[PDB]
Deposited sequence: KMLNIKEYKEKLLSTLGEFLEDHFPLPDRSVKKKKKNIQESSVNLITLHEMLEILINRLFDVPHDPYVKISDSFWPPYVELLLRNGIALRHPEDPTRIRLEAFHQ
């Protein structure tokens, strides 16, 4: 069961990365890829389950943040605009 889930997860991740690079590329400060942004969000969601909010820096392309917000993937902090969290789809 474990190895099956691992194969699925790795396949899903590789295909998701290829889809992101093919459909959400950077235009050309130092911006990070949407893949790295999603990785940071997913990592903070499970490393700090009591505070999954990450601060929005200048390396976050505002179109990427608005894209994640419109599609229900990212959620804004109720009071702090500089922080966004990942929607806990596992619960």
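*Asks:* When the deposited sequence is counted from residue 1, which ranges lack any model?
*Replies:* Residues missing from the model, as numbered along the full deposited sequence, span only 29-42.
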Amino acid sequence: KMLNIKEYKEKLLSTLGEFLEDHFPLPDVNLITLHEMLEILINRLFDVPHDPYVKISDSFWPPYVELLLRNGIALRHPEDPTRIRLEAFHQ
From here on, numbers count along this sequence of modelled residues.
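*Asks:* Once you work out the mean C-alpha B-factor for both 31-39 and 49-57 from the entry, which is higher?
*Replies:* It is 49-57 that shows the higher mean C-alpha B-factor.
*Asks:* Going by what the PDB entry lists, where does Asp80 fall on CA B-factor within its chain: lowest, middle or highest third?
*Replies:* Top third by C-alpha B-factor.
*Asks:* Ranked by Cα temperature factor within the chain, is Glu10 in the lowest third, the middle third or the highest third?
*Replies:* Middle third, going by the recorded CA B-factors of the chain.
*Asks:* Hey, what third does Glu21 fall into on Cα B-factor, ranked over its chain?
*Replies:* Highest third of the chain for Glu21's C-alpha B-factor.
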